[PDB]
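To be precise, the following lines are model-v9.cif, and they hold mmCIF, C-alpha atoms and all ligand atoms.
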```
data_model
#
loop_
_atom_site.group_PDB
_atom_site.id
_atom_site.type_symbol
_atom_site.label_atom_id
_atom_site.label_comp_id
_atom_site.auth_asym_id
_atom_site.auth_seq_id
_atom_site.Cartn_x
_atom_site.Cartn_y
_atom_site.Cartn_z
ATOM 1 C CA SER B 57 11.490 9.279 -4.270
ATOM 2 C CA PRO B 58 9.886 9.554 -0.731
ATOM 3 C CA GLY B 59 6.440 10.917 -1.755
ATOM 4 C CA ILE B 60 5.451 8.317 -4.347
ATOM 5 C CA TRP B 61 2.833 5.646 -3.863
ATOM 6 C CA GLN B 62 1.134 3.190 -6.102
ATOM 7 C CA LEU B 63 -2.453 2.073 -5.635
ATOM 8 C CA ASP B 64 -4.048 -1.235 -6.831
ATOM 9 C CA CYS B 65 -7.287 -3.084 -6.286
ATOM 10 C CA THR B 66 -7.646 -6.752 -5.675
ATOM 11 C CA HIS B 67 -11.064 -8.321 -5.866
ATOM 12 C CA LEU B 68 -11.859 -11.066 -3.430
ATOM 13 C CA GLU B 69 -14.977 -12.600 -1.662
ATOM 14 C CA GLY B 70 -17.071 -10.137 -3.660
ATOM 15 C CA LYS B 71 -15.303 -7.100 -2.090
ATOM 16 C CA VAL B 72 -12.335 -4.947 -3.054
ATOM 17 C CA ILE B 73 -9.076 -4.599 -1.219
ATOM 18 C CA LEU B 74 -7.535 -1.277 -1.934
ATOM 19 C CA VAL B 75 -3.696 -1.470 -1.525
ATOM 20 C CA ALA B 76 -1.243 1.445 -1.495
ATOM 21 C CA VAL B 77 2.463 0.634 -1.693
ATOM 22 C CA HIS B 78 5.107 3.134 -0.824
ATOM 23 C CA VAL B 79 7.299 2.434 -3.856
ATOM 24 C CA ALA B 80 10.809 3.100 -2.415
ATOM 25 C CA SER B 81 10.240 1.029 0.763
ATOM 26 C CA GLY B 82 7.625 -1.639 -0.066
ATOM 27 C CA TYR B 83 5.528 -0.503 2.938
ATOM 28 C CA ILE B 84 1.821 -1.052 2.644
ATOM 29 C CA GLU B 85 -1.565 0.435 3.690
ATOM 30 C CA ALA B 86 -4.740 -1.444 2.816
ATOM 31 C CA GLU B 87 -8.468 -1.404 3.373
ATOM 32 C CA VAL B 88 -11.365 -3.628 2.420
ATOM 33 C CA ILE B 89 -14.215 -1.801 0.691
ATOM 34 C CA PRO B 90 -17.698 -2.921 -0.604
ATOM 35 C CA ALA B 91 -17.001 -1.635 -4.152
ATOM 36 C CA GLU B 92 -14.396 0.562 -5.842
ATOM 37 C CA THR B 93 -16.606 3.675 -5.733
ATOM 38 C CA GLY B 94 -15.328 7.217 -6.302
ATOM 39 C CA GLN B 95 -16.281 8.209 -2.662
ATOM 40 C CA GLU B 96 -14.461 5.153 -1.158
ATOM 41 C CA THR B 97 -11.419 5.867 -3.169
ATOM 42 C CA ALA B 98 -11.438 9.566 -2.258
ATOM 43 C CA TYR B 99 -11.835 8.730 1.439
ATOM 44 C CA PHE B 100 -8.951 6.183 1.295
ATOM 45 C CA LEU B 101 -6.694 8.752 -0.360
ATOM 46 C CA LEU B 102 -7.558 11.405 2.240
ATOM 47 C CA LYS B 103 -6.696 9.018 5.138
ATOM 48 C CA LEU B 104 -3.393 7.995 3.475
ATOM 49 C CA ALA B 105 -2.312 11.637 2.918
ATOM 50 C CA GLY B 106 -3.186 12.701 6.517
ATOM 51 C CA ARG B 107 -0.865 9.888 7.810
ATOM 52 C CA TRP B 108 2.151 10.017 5.369
ATOM 53 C CA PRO B 109 3.482 12.805 3.060
ATOM 54 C CA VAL B 110 1.898 11.739 -0.240
ATOM 55 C CA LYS B 111 3.047 13.807 -3.255
ATOM 56 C CA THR B 112 2.065 11.547 -6.124
ATOM 57 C CA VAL B 113 0.000 8.469 -6.596
ATOM 58 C CA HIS B 114 0.080 6.058 -9.479
ATOM 59 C CA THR B 115 -3.104 4.343 -10.294
ATOM 60 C CA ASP B 116 -4.690 2.326 -12.926
ATOM 61 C CA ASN B 117 -7.293 3.471 -15.377
ATOM 62 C CA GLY B 118 -10.485 3.202 -13.320
ATOM 63 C CA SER B 119 -13.360 5.608 -13.432
ATOM 64 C CA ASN B 120 -13.104 5.926 -9.704
ATOM 65 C CA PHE B 121 -9.861 7.847 -10.099
ATOM 66 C CA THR B 122 -11.270 10.401 -12.444
ATOM 67 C CA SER B 123 -14.371 11.034 -10.402
ATOM 68 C CA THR B 124 -15.010 14.609 -9.163
ATOM 69 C CA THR B 125 -14.915 13.463 -5.502
ATOM 70 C CA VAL B 126 -11.408 12.018 -6.098
ATOM 71 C CA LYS B 127 -10.284 15.196 -7.888
ATOM 72 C CA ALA B 128 -11.658 17.349 -5.017
ATOM 73 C CA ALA B 129 -9.810 15.173 -2.434
ATOM 74 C CA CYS B 130 -6.497 15.213 -4.408
ATOM 75 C CA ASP B 131 -6.739 19.059 -4.848
ATOM 76 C CA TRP B 132 -7.431 19.493 -1.131
ATOM 77 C CA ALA B 133 -4.652 17.078 0.097
ATOM 78 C CA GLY B 134 -2.128 18.268 -2.450
ATOM 79 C CA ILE B 135 -1.789 14.905 -4.281
ATOM 80 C CA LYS B 136 -0.814 14.637 -8.000
ATOM 81 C CA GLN B 137 -2.562 11.831 -9.631
ATOM 82 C CA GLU B 138 -1.067 9.826 -12.531
ATOM 83 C CA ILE B 151 5.238 -3.831 -6.223
ATOM 84 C CA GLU B 152 3.746 -6.463 -8.474
ATOM 85 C CA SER B 153 6.034 -8.217 -5.979
ATOM 86 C CA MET B 154 4.914 -6.503 -2.707
ATOM 87 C CA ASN B 155 1.265 -7.165 -3.828
ATOM 88 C CA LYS B 156 1.973 -10.783 -4.671
ATOM 89 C CA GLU B 157 3.568 -11.144 -1.225
ATOM 90 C CA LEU B 158 0.483 -9.441 0.328
ATOM 91 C CA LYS B 159 -2.149 -11.693 -1.197
ATOM 92 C CA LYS B 160 0.103 -14.632 -0.378
ATOM 93 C CA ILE B 161 0.035 -13.701 3.345
ATOM 94 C CA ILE B 162 -3.799 -13.047 3.317
ATOM 95 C CA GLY B 163 -4.031 -16.575 1.930
ATOM 96 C CA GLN B 164 -1.821 -18.016 4.716
ATOM 97 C CA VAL B 165 -3.878 -16.277 7.510
ATOM 98 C CA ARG B 166 -7.434 -15.947 6.086
ATOM 99 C CA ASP B 167 -8.569 -18.931 8.260
ATOM 100 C CA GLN B 168 -7.617 -17.239 11.585
ATOM 101 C CA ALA B 169 -10.481 -14.738 11.428
ATOM 102 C CA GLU B 170 -14.081 -14.377 10.438
ATOM 103 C CA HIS B 171 -13.994 -11.292 8.314
ATOM 104 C CA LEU B 172 -11.829 -10.627 5.427
ATOM 105 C CA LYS B 173 -11.052 -7.190 6.827
ATOM 106 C CA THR B 174 -9.402 -8.740 9.927
ATOM 107 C CA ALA B 175 -7.191 -11.097 7.865
ATOM 108 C CA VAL B 176 -6.165 -8.192 5.575
ATOM 109 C CA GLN B 177 -5.046 -5.996 8.562
ATOM 110 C CA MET B 178 -3.190 -8.972 10.035
ATOM 111 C CA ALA B 179 -1.448 -9.453 6.640
ATOM 112 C CA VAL B 180 -0.506 -5.729 6.508
ATOM 113 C CA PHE B 181 0.909 -5.998 10.045
ATOM 114 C CA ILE B 182 2.965 -9.091 9.047
ATOM 115 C CA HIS B 183 4.147 -7.562 5.846
ATOM 116 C CA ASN B 184 5.249 -4.257 7.356
ATOM 117 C CA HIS B 185 7.119 -5.782 10.380
ATOM 118 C CA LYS B 186 8.924 -8.621 8.610
ATOM 119 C CA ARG B 187 12.723 -8.166 8.371
ATOM 120 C CA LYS B 188 14.044 -8.690 4.840
ATOM 121 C CA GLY B 189 17.496 -10.235 4.355
ATOM 122 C CA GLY B 190 19.920 -11.282 7.067
ATOM 123 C CA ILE B 191 20.939 -10.225 10.529
ATOM 124 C CA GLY B 192 21.539 -6.578 9.463
ATOM 125 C CA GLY B 193 18.349 -6.264 7.338
ATOM 126 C CA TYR B 194 15.251 -3.980 7.742
ATOM 127 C CA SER B 195 11.482 -4.250 7.646
ATOM 128 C CA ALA B 196 9.368 -2.242 5.206
ATOM 129 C CA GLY B 197 8.095 -0.031 8.158
ATOM 130 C CA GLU B 198 11.712 0.742 9.035
ATOM 131 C CA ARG B 199 12.636 1.563 5.438
ATOM 132 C CA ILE B 200 9.732 4.016 4.923
ATOM 133 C CA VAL B 201 10.430 5.877 8.179
ATOM 134 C CA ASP B 202 14.238 5.944 7.516
ATOM 135 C CA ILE B 203 13.565 7.265 3.980
ATOM 136 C CA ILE B 204 11.283 10.046 5.133
ATOM 137 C CA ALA B 205 13.398 11.078 8.130
ATOM 138 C CA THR B 206 16.483 11.300 5.818
ATOM 139 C CA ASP B 207 14.510 13.436 3.331
ATOM 140 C CA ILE B 208 14.693 16.024 6.147
ATOM 141 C CA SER G 56 8.581 10.203 26.307
ATOM 142 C CA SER G 57 9.562 7.108 24.400
ATOM 143 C CA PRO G 58 8.858 6.014 20.896
ATOM 144 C CA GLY G 59 6.457 3.037 21.242
ATOM 145 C CA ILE G 60 3.936 4.747 23.548
ATOM 146 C CA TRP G 61 0.427 5.746 22.449
ATOM 147 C CA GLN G 62 -2.544 7.114 24.296
ATOM 148 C CA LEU G 63 -6.082 6.091 23.170
ATOM 149 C CA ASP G 64 -9.190 8.280 23.893
ATOM 150 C CA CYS G 65 -12.848 8.497 22.790
ATOM 151 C CA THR G 66 -14.792 11.527 21.707
ATOM 152 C CA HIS G 67 -18.484 11.705 21.086
ATOM 153 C CA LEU G 68 -19.764 14.134 18.431
ATOM 154 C CA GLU G 69 -23.035 14.378 16.503
ATOM 155 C CA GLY G 70 -24.059 11.140 18.317
ATOM 156 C CA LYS G 71 -21.068 9.362 16.762
ATOM 157 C CA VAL G 72 -17.956 7.915 18.442
ATOM 158 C CA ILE G 73 -14.432 8.989 17.398
ATOM 159 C CA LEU G 74 -11.582 6.823 18.558
ATOM 160 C CA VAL G 75 -8.297 8.815 18.795
ATOM 161 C CA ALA G 76 -4.753 7.424 19.271
ATOM 162 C CA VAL G 77 -2.002 9.948 20.057
ATOM 163 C CA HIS G 78 1.683 9.186 19.830
ATOM 164 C CA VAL G 79 2.672 10.793 23.143
ATOM 165 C CA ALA G 80 6.240 11.891 22.227
ATOM 166 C CA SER G 81 5.300 13.711 18.967
ATOM 167 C CA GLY G 82 1.667 14.636 19.192
ATOM 168 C CA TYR G 83 0.903 12.686 15.955
ATOM 169 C CA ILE G 84 -2.644 11.292 15.726
ATOM 170 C CA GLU G 85 -4.617 8.495 14.110
ATOM 171 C CA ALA G 86 -8.477 8.730 14.397
ATOM 172 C CA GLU G 87 -11.568 6.980 13.042
ATOM 173 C CA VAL G 88 -15.318 7.266 13.493
ATOM 174 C CA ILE G 89 -16.598 3.880 14.731
ATOM 175 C CA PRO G 90 -20.192 2.577 15.286
ATOM 176 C CA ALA G 91 -19.779 2.132 19.113
ATOM 177 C CA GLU G 92 -17.017 1.363 21.647
ATOM 178 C CA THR G 93 -17.352 -2.434 21.311
ATOM 179 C CA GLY G 94 -14.447 -4.882 22.000
ATOM 180 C CA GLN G 95 -14.431 -5.927 18.324
ATOM 181 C CA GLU G 96 -14.259 -2.323 16.993
ATOM 182 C CA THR G 97 -11.527 -1.508 19.530
ATOM 183 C CA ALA G 98 -9.459 -4.628 18.665
ATOM 184 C CA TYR G 99 -9.706 -3.834 14.975
ATOM 185 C CA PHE G 100 -8.629 -0.156 15.397
ATOM 186 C CA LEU G 101 -5.616 -1.243 17.436
ATOM 187 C CA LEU G 102 -4.700 -3.974 14.937
ATOM 188 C CA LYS G 103 -4.765 -1.396 12.125
ATOM 189 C CA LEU G 104 -2.712 1.101 14.151
ATOM 190 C CA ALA G 105 -0.010 -1.408 15.203
ATOM 191 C CA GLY G 106 0.397 -2.657 11.537
ATOM 192 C CA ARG G 107 1.279 0.909 10.503
ATOM 193 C CA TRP G 108 3.451 2.179 13.462
ATOM 194 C CA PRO G 109 5.547 0.293 16.023
ATOM 195 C CA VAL G 110 3.116 0.344 18.999
ATOM 196 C CA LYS G 111 4.771 -1.091 22.184
ATOM 197 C CA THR G 112 2.459 0.316 24.911
ATOM 198 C CA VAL G 113 -1.067 1.818 24.936
ATOM 199 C CA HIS G 114 -2.560 3.957 27.750
ATOM 200 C CA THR G 115 -6.381 3.630 27.720
ATOM 201 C CA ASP G 116 -9.219 5.175 29.815
ATOM 202 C CA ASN G 117 -9.985 1.640 31.243
ATOM 203 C CA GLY G 118 -13.376 1.637 29.482
ATOM 204 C CA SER G 119 -15.323 -1.605 29.286
ATOM 205 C CA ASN G 120 -14.254 -1.970 25.594
ATOM 206 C CA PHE G 121 -10.566 -2.209 26.797
ATOM 207 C CA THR G 122 -11.119 -4.704 29.566
ATOM 208 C CA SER G 123 -12.797 -7.144 27.180
ATOM 209 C CA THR G 124 -10.770 -10.298 26.344
ATOM 210 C CA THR G 125 -11.157 -9.579 22.585
ATOM 211 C CA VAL G 126 -8.981 -6.370 23.044
ATOM 212 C CA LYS G 127 -6.622 -8.389 25.359
ATOM 213 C CA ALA G 128 -6.249 -11.013 22.587
ATOM 214 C CA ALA G 129 -5.568 -8.406 19.859
ATOM 215 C CA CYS G 130 -2.929 -6.818 22.144
ATOM 216 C CA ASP G 131 -1.246 -10.169 22.813
ATOM 217 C CA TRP G 132 -1.201 -11.031 19.105
ATOM 218 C CA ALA G 133 0.242 -7.590 18.229
ATOM 219 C CA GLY G 134 2.796 -7.649 21.067
ATOM 220 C CA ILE G 135 1.227 -4.518 22.681
ATOM 221 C CA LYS G 136 1.320 -3.898 26.417
ATOM 222 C CA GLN G 137 -1.956 -2.508 27.814
ATOM 223 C CA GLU G 138 -1.813 0.087 30.586
ATOM 224 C CA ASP G 139 -5.482 0.613 31.572
ATOM 225 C CA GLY G 140 -6.191 3.642 33.728
ATOM 226 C CA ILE G 141 -2.454 4.610 33.951
ATOM 227 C CA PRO G 142 -1.557 8.304 33.166
ATOM 228 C CA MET G 154 -5.334 19.279 21.997
ATOM 229 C CA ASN G 155 -8.365 16.993 21.615
ATOM 230 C CA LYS G 156 -10.441 20.157 21.951
ATOM 231 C CA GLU G 157 -8.308 21.479 19.039
ATOM 232 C CA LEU G 158 -9.392 18.396 17.032
ATOM 233 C CA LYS G 159 -13.073 19.188 17.646
ATOM 234 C CA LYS G 160 -12.096 22.731 16.631
ATOM 235 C CA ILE G 161 -10.381 21.670 13.383
ATOM 236 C CA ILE G 162 -13.320 19.354 12.693
ATOM 237 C CA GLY G 163 -15.515 22.517 12.967
ATOM 238 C CA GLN G 164 -13.238 24.440 10.610
ATOM 239 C CA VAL G 165 -13.613 21.765 7.784
ATOM 240 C CA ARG G 166 -17.106 20.592 8.562
ATOM 241 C CA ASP G 167 -18.756 22.630 5.773
ATOM 242 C CA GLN G 168 -16.591 21.044 2.959
ATOM 243 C CA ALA G 169 -17.797 17.577 3.785
ATOM 244 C CA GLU G 170 -21.321 16.139 4.150
ATOM 245 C CA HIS G 171 -20.288 13.348 6.528
ATOM 246 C CA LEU G 172 -18.549 13.502 9.841
ATOM 247 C CA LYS G 173 -16.163 10.711 8.925
ATOM 248 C CA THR G 174 -14.690 12.677 6.024
ATOM 249 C CA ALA G 175 -14.372 15.784 8.243
ATOM 250 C CA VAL G 176 -12.483 13.691 10.840
ATOM 251 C CA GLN G 177 -9.828 12.595 8.297
ATOM 252 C CA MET G 178 -9.457 16.166 7.075
ATOM 253 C CA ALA G 179 -8.886 17.253 10.680
ATOM 254 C CA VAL G 180 -6.346 14.417 11.196
ATOM 255 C CA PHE G 181 -4.535 15.722 8.019
ATOM 256 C CA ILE G 182 -4.483 19.382 9.280
ATOM 257 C CA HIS G 183 -3.301 18.245 12.716
ATOM 258 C CA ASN G 184 -0.364 16.138 11.593
ATOM 259 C CA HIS G 185 0.816 18.760 9.072
ATOM 260 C CA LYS G 186 0.712 21.744 11.379
ATOM 261 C CA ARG G 187 4.015 23.365 12.311
ATOM 262 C CA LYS G 188 4.004 23.767 16.080
ATOM 263 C CA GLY G 189 6.262 26.435 17.642
ATOM 264 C CA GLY G 190 6.359 29.101 14.886
ATOM 265 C CA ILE G 191 8.097 29.047 11.467
ATOM 266 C CA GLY G 192 11.209 27.544 13.138
ATOM 267 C CA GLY G 193 9.286 24.488 14.417
ATOM 268 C CA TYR G 194 8.289 20.975 13.141
ATOM 269 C CA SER G 195 4.972 19.197 12.491
ATOM 270 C CA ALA G 196 3.789 16.210 14.509
ATOM 271 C CA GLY G 197 4.390 14.149 11.242
ATOM 272 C CA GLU G 198 8.070 15.248 11.081
ATOM 273 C CA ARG G 199 8.494 14.658 14.832
ATOM 274 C CA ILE G 200 7.184 11.009 14.795
ATOM 275 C CA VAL G 201 9.470 9.911 11.910
ATOM 276 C CA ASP G 202 12.402 11.653 13.569
ATOM 277 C CA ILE G 203 11.765 9.966 16.877
ATOM 278 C CA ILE G 204 10.962 6.541 15.455
ATOM 279 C CA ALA G 205 13.597 6.087 12.674
ATOM 280 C CA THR G 206 16.126 3.321 13.515
ATOM 281 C CA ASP G 207 18.642 4.440 10.723
HETATM 282 O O1 LIG B 301 5.232 9.693 8.376
HETATM 283 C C1 LIG B 301 4.411 10.731 8.623
HETATM 284 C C2 LIG B 301 4.887 12.066 8.179
HETATM 285 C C3 LIG B 301 6.234 12.410 7.823
HETATM 286 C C4 LIG B 301 6.537 13.748 7.405
HETATM 287 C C5 LIG B 301 5.466 14.669 7.348
HETATM 288 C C6 LIG B 301 4.123 14.306 7.705
HETATM 289 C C7 LIG B 301 3.833 13.007 8.094
HETATM 290 O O2 LIG B 301 2.534 12.601 8.439
HETATM 291 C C8 LIG B 301 1.434 13.333 7.989
HETATM 292 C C9 LIG B 301 1.755 14.688 7.518
HETATM 293 O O3 LIG B 301 3.047 15.198 7.679
HETATM 294 CL CL CL B 302 -11.449 5.215 24.518
#
```
Give the structure from the file, written as structure tokens.
Amino acid sequence: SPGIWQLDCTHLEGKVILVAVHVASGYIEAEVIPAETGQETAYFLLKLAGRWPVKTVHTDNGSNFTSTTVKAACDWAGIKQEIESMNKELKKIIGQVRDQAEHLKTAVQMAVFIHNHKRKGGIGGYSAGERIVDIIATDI
Amino acid sequence: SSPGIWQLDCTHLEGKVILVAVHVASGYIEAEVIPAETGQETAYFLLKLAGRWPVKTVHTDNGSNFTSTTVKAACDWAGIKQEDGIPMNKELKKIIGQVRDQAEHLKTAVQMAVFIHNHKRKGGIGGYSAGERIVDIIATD
């Protein structure tokens, strides 16, 4: 359903990459953070929800997600708190481009760009960015 | 007003710089507090924006950050056409003021304001938000 996202962390170069996947489309948002703190997580969730209509997020077990800053952000934004493949693709691409830039955070945004624009399938296929927008637009 | 066209503008507040991109056809906004209007910060903001929405053309204020070759390079790589100097933000500073006392730091208040802006129904109860308008305009199927 159009409002559901899943969030995962990937540790790399001594930093964390926070990755949200829009489950129905495979579309991705990601950010590089210093550590998976409650405040970082809350801020990331607030940005996501101000850009897309987030109803529910699926997370893992981390103490970041139960922090009071994350609960305050979720209450304010209206988010209920509770792919392997899209993530495996993502880290794959960061791998294939990491060399083209100094900072991890540059290579990560380049990987997001490449993931979200890439057409899947044949001549009549769609990119993840197209799928998420088509899904949401249809929902109304 | 076509679908790939964004306008980028700077606002200065509490001695901080806010970079704002507006999708001209819908009024939808993306915004971030950045350290200063450097080429590298500008390039990175644009790269993030264009990986999330299909950005074909950007209208900028022709600031020295946009004329740098590091912005030019980011635009070439992303397939974005720069129109430098070619031709509600006071409502943003307003919304920022309406949420400012629920957040210690300006950057959090900015993202709250971005959220209120893109959710707001414009034109009475019969109308649509900027978030509904951008998806409507941009969807290919
Ligand atoms: O895709 C964006 C979108 C689609 C529908 C509603 C929205 C919205 O953005 C932020 C809030 O409201
Ligand atoms: Cl600017």
Query - Interatomic distance, atom CA of residue 70 of chain B to atom CA of residue 123 of chain B (Å, one decimal) - result: 22.4 Å
Query raised in the report: When the cut-off is 12 Å and we count all atoms listed in the file, which residues of chain G are near chain B, given as a ChimeraX atom specification?
Result: /G:83-87,95-96,98-110,129,132-134,165,168-186,194-207
With C-alpha atoms retained, export the selected residues as a PDB file, in the coordinates of the input.
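Below you can see result22.pdb, which holds the result:
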```
ATOM      1  CA  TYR G  83       0.903  12.686  15.955  1.00  0.00           C
ATOM      2  CA  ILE G  84      -2.644  11.292  15.726  1.00  0.00           C
ATOM      3  CA  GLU G  85      -4.617   8.495  14.110  1.00  0.00           C
ATOM      4  CA  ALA G  86      -8.477   8.730  14.397  1.00  0.00           C
ATOM      5  CA  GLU G  87     -11.568   6.980  13.042  1.00  0.00           C
ATOM      6  CA  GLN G  95     -14.431  -5.927  18.324  1.00  0.00           C
ATOM      7  CA  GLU G  96     -14.259  -2.323  16.993  1.00  0.00           C
ATOM      8  CA  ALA G  98      -9.459  -4.628  18.665  1.00  0.00           C
ATOM      9  CA  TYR G  99      -9.706  -3.834  14.975  1.00  0.00           C
ATOM     10  CA  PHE G 100      -8.629  -0.156  15.397  1.00  0.00           C
ATOM     11  CA  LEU G 101      -5.616  -1.243  17.436  1.00  0.00           C
ATOM     12  CA  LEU G 102      -4.700  -3.974  14.937  1.00  0.00           C
ATOM     13  CA  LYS G 103      -4.765  -1.396  12.125  1.00  0.00           C
ATOM     14  CA  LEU G 104      -2.712   1.101  14.151  1.00  0.00           C
ATOM     15  CA  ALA G 105      -0.010  -1.408  15.203  1.00  0.00           C
ATOM     16  CA  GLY G 106       0.397  -2.657  11.537  1.00  0.00           C
ATOM     17  CA  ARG G 107       1.279   0.909  10.503  1.00  0.00           C
ATOM     18  CA  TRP G 108       3.451   2.179  13.462  1.00  0.00           C
ATOM     19  CA  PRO G 109       5.547   0.293  16.023  1.00  0.00           C
ATOM     20  CA  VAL G 110       3.116   0.344  18.999  1.00  0.00           C
ATOM     21  CA  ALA G 129      -5.568  -8.406  19.859  1.00  0.00           C
ATOM     22  CA  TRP G 132      -1.201 -11.031  19.105  1.00  0.00           C
ATOM     23  CA  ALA G 133       0.242  -7.590  18.229  1.00  0.00           C
ATOM     24  CA  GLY G 134       2.796  -7.649  21.067  1.00  0.00           C
ATOM     25  CA  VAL G 165     -13.613  21.765   7.784  1.00  0.00           C
ATOM     26  CA  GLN G 168     -16.591  21.044   2.959  1.00  0.00           C
ATOM     27  CA  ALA G 169     -17.797  17.577   3.785  1.00  0.00           C
ATOM     28  CA  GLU G 170     -21.321  16.139   4.150  1.00  0.00           C
ATOM     29  CA  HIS G 171     -20.288  13.348   6.528  1.00  0.00           C
ATOM     30  CA  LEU G 172     -18.549  13.502   9.841  1.00  0.00           C
ATOM     31  CA  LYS G 173     -16.163  10.711   8.925  1.00  0.00           C
ATOM     32  CA  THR G 174     -14.690  12.677   6.024  1.00  0.00           C
ATOM     33  CA  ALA G 175     -14.372  15.784   8.243  1.00  0.00           C
ATOM     34  CA  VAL G 176     -12.483  13.691  10.840  1.00  0.00           C
ATOM     35  CA  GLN G 177      -9.828  12.595   8.297  1.00  0.00           C
ATOM     36  CA  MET G 178      -9.457  16.166   7.075  1.00  0.00           C
ATOM     37  CA  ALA G 179      -8.886  17.253  10.680  1.00  0.00           C
ATOM     38  CA  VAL G 180      -6.346  14.417  11.196  1.00  0.00           C
ATOM     39  CA  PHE G 181      -4.535  15.722   8.019  1.00  0.00           C
ATOM     40  CA  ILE G 182      -4.483  19.382   9.280  1.00  0.00           C
ATOM     41  CA  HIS G 183      -3.301  18.245  12.716  1.00  0.00           C
ATOM     42  CA  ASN G 184      -0.364  16.138  11.593  1.00  0.00           C
ATOM     43  CA  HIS G 185       0.816  18.760   9.072  1.00  0.00           C
ATOM     44  CA  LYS G 186       0.712  21.744  11.379  1.00  0.00           C
ATOM     45  CA  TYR G 194       8.289  20.975  13.141  1.00  0.00           C
ATOM     46  CA  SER G 195       4.972  19.197  12.491  1.00  0.00           C
ATOM     47  CA  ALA G 196       3.789  16.210  14.509  1.00  0.00           C
ATOM     48  CA  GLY G 197       4.390  14.149  11.242  1.00  0.00           C
ATOM     49  CA  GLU G 198       8.070  15.248  11.081  1.00  0.00           C
ATOM     50  CA  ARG G 199       8.494  14.658  14.832  1.00  0.00           C
ATOM     51  CA  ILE G 200       7.184  11.009  14.795  1.00  0.00           C
ATOM     52  CA  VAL G 201       9.470   9.911  11.910  1.00  0.00           C
ATOM     53  CA  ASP G 202      12.402  11.653  13.569  1.00  0.00           C
ATOM     54  CA  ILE G 203      11.765   9.966  16.877  1.00  0.00           C
ATOM     55  CA  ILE G 204      10.962   6.541  15.455  1.00  0.00           C
ATOM     56  CA  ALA G 205      13.597   6.087  12.674  1.00  0.00           C
ATOM     57  CA  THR G 206      16.126   3.321  13.515  1.00  0.00           C
ATOM     58  CA  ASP G 207      18.642   4.440  10.723  1.00  0.00           C
TER      59      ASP G 207
END
```
**Report entry** Å distance separating atom CA of residue 164 of chain G from atom CA of residue 193 of chain G, one decimal place
**Finding:** 22.8 Å
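The coordinates place atom CA of residue 68 of chain G at 20.1 Å from atom CA of residue 94 of chain G.
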Report task. Compare G:111, G:117, G:81, G:88 by their minimum atom-to-atom distance to ligand CL 302 (chain B), counting all atoms listed in the file, and give me the closest one. Result -> G:117
Query raised in the report: Would you name the residues within 10 Å of ligand CL 302 (chain B), counting all atoms listed in the file, and put them as JSON, numbers by chain?
Result: {"G": [62, 63, 64, 65, 66, 72, 73, 74, 75, 76, 92, 97, 114, 115, 116, 117, 118, 119, 120, 121]}
Given 6 Å on each side, where is the centre and what are the edge lengths in Å to one decimal of the axis-aligned box enclosing the listed atoms of ligand LIG 301 (chain B), as lines of an AutoDock Vina configuration file?
```
center_x = 4.0
center_y = 12.4
center_z = 8.0
size_x = 17.1
size_y = 17.5
size_z = 13.3
```
Query raised in the report: Leaving out residue 59 of chain B and any residue of its chain fewer than 5 positions from it, which residues lie within 8 Å of it when counting all atoms listed in the file, given as a ChimeraX atom specification?
Result: /B:78,109-112
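When all atoms listed in the file are used to measure the gap to ligand LIG 301 (chain B), the shortest distance among G:113, G:78, G:57, G:126 belongs to G:78.
Each of B:79, B:128, B:134, B:73 was checked against ligand LIG 301 (chain B) using all atoms listed in the file; the smallest atom-to-atom distance is that of B:134.
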Working from the structure I just supplied, which lacks atoms in segment 101-110 of chain B, can you model N, CA and C atoms there and output them as a PDB file, in the frame of the given file?
```
ATOM      1  N   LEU B 101      -7.826   7.861  -0.044  1.00  0.00           N
ATOM      2  CA  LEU B 101      -6.694   8.752  -0.360  1.00  0.00           C
ATOM      3  C   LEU B 101      -6.493   9.871   0.684  1.00  0.00           C
ATOM      4  N   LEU B 102      -7.591  10.415   1.163  1.00  0.00           N
ATOM      5  CA  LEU B 102      -7.558  11.405   2.240  1.00  0.00           C
ATOM      6  C   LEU B 102      -6.918  10.840   3.545  1.00  0.00           C
ATOM      7  N   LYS B 103      -7.325   9.635   3.951  1.00  0.00           N
ATOM      8  CA  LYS B 103      -6.696   9.018   5.138  1.00  0.00           C
ATOM      9  C   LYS B 103      -5.192   8.801   4.918  1.00  0.00           C
ATOM     10  N   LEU B 104      -4.813   8.277   3.757  1.00  0.00           N
ATOM     11  CA  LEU B 104      -3.393   7.995   3.475  1.00  0.00           C
ATOM     12  C   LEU B 104      -2.572   9.283   3.612  1.00  0.00           C
ATOM     13  N   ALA B 105      -3.062  10.385   3.016  1.00  0.00           N
ATOM     14  CA  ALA B 105      -2.312  11.637   2.918  1.00  0.00           C
ATOM     15  C   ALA B 105      -2.272  12.321   4.287  1.00  0.00           C
ATOM     16  N   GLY B 106      -3.213  12.029   5.180  1.00  0.00           N
ATOM     17  CA  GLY B 106      -3.186  12.701   6.517  1.00  0.00           C
ATOM     18  C   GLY B 106      -2.183  11.944   7.420  1.00  0.00           C
ATOM     19  N   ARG B 107      -1.780  10.727   7.020  1.00  0.00           N
ATOM     20  CA  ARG B 107      -0.865   9.888   7.810  1.00  0.00           C
ATOM     21  C   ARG B 107       0.586   9.893   7.316  1.00  0.00           C
ATOM     22  N   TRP B 108       0.783  10.022   5.999  1.00  0.00           N
ATOM     23  CA  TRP B 108       2.151  10.017   5.369  1.00  0.00           C
ATOM     24  C   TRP B 108       2.206  11.169   4.387  1.00  0.00           C
ATOM     25  N   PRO B 109       3.412  11.691   4.064  1.00  0.00           N
ATOM     26  CA  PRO B 109       3.482  12.805   3.060  1.00  0.00           C
ATOM     27  C   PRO B 109       3.408  12.346   1.621  1.00  0.00           C
ATOM     28  N   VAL B 110       2.194  12.330   1.067  1.00  0.00           N
ATOM     29  CA  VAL B 110       1.898  11.739  -0.240  1.00  0.00           C
ATOM     30  C   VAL B 110       2.069  12.915  -1.224  1.00  0.00           C
TER      31      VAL B 110
END
```
